[PDB]
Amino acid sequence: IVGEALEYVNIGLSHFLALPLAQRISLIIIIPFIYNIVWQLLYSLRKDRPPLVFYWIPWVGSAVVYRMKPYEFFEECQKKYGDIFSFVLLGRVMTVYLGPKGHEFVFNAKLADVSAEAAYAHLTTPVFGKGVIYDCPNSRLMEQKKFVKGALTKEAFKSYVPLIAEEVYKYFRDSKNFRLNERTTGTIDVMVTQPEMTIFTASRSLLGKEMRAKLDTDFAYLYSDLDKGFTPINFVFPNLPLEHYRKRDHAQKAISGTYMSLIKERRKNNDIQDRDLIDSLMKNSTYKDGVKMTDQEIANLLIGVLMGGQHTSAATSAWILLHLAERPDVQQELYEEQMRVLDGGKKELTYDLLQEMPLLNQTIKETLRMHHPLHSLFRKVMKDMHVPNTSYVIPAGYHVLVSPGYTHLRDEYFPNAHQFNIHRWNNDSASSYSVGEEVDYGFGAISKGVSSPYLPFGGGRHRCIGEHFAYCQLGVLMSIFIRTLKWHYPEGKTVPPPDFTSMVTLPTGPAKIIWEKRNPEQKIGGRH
């Protein structure tokens, strides 16, 4: 008689529901904790699954150590498991593929295999607005990148350089962090100055003088509000009844409203020329099926492009300053190149002369090697993927994680990878370059292979299109910094460690440097 056994099942069930509040809620804790550890041991038996990093807390997973020290977490998992391993992250299963072959597996994955918008829609749509970037089919994103790229030509860069130069000098003249007509030395926090110089130069060139003029008013507070809304918490809590989320959404409406106001006003006057990205998108935002971007979608695309380039570039110029602060030899070498190329300062900086400054461009290139602003890039796996030359299968619902910034710091591909050395790029100052064949995904021909160990701007269909703008912006800025100032650390201070917890791997602040004028008597003209 096993009939008695099922009776005692039912009996035991009723006795379970009659356990005290103390013991019951403890079982709601211990029974998933126990089952968590059982499932993992059964999981490590599957040979079609990459090894899974062990974790105690269910759902949370390895979130704590990945959030704080991802590159150290990756190297430990690489020593233990190899280049392909999975780990649980806040309810998601992340499959990491390290190395150049990991770059190929993710950046060159089939459009039907992975989705970037499935991974990033919650991070960006609340900040940027609806209809653009990752709130649309990939084919729409491909053409949006094509639209933006139309205002990112060599002709545009020739006009942006004197505009960006004016903004840098205006900042040297007017900002409390410098005031070079009143002070010959001072101390700045680079995480204060660089975001400000980044938005001032990006707005003036990409958005135009009207939008730049707004930043001198209370309107600049909205950018700060919207900027605060670009944060990793959106991956878990995209919308919560809080003040942070309200000022963010308010900023998005208010900022996009200002852009639409200018857009509708220019078309109201046929004041549509070739000045900025706004003119460009007004003349060139019709998809190939005939659908035209709305004024709201155009404005939202402006926010996303400007916000993305804001964080990557501001972090990068901060890192450049921090590495040069302890390298007066490099500052000295960069200065000589400035005197040679610009004829002792008698030549005005142009976009063509920027291209004749290899050491300056190598400095940017080396900084982007040691400080990739995006330490990890994600895709959600849409169809079950097989890893070549393995038996591994990444089932749909998993996420893949590619990390070129980790390969940037491996000695095998960059000897003495943790040494800052711009001369490792001698006779190779190009921001990046295709090492052979090419492919066009809808926004221009780009490298077909994505196997380079150096991928600061990614690769494949989601490859960056701001690379040449960033080098232009960083180049003009650093050319002026070099010619105007020397700088160094306060005694005992050095390059800070990266903050991997923010949206980009910016330096841990406050990161202070002491500037001093190369020409104490030099004055910056203009009224103020």
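Don't overthink the numbering: it's just position in the shown sequence, from 1.
Asker: If you take the mean CA temperature factor per stretch, which one wins between 195-203 and 274-282?
Answerer: Per the PDB record, 274-282.
Asker: Which wins on mean Cα temperature factor, 389-397 or 323-331?
Answerer: Per the deposited B-factors, the answer is 389-397.
Asker: Highest Cα temperature factor in the entry, among the options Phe235, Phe378, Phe414, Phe457: which one is it?
Answerer: Within the set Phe235, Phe378, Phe414, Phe457, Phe235 shows the top C-alpha B-factor.
Asker: Highest CA temperature factor in the entry: which of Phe157, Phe178, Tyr81, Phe107?
Answerer: In the PDB entry, the greatest C-alpha B-factor among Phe157, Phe178, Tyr81, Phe107 is found at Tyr81.
Asker: Mind checking which third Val114 falls in for C-alpha B-factor across the chain?
Answerer: As the PDB entry reports it, the C-alpha B-factor of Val114 lands in the middle third of its chain.
Asker: What third of its chain's C-alpha B-factors does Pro358 belong to: lowest, middle or highest?
Answerer: Lowest third.
Asker: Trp39's Cα B-factor: lowest, middle or highest third of the chain?
Answerer: Within its chain, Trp39 is a highest-third residue by C-alpha B-factor, going by the deposited values.
Asker: Which third, lowest, middle or highest, does the CA B-factor of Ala318 fall in along this chain?
Answerer: Within its chain, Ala318 is a lowest-third residue by C-alpha B-factor, going by the deposited values.
Asker: Compared with the other modelled residues in the chain, in which third is the CA B-factor of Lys517?
Answerer: It falls in the bottom third of the chain.
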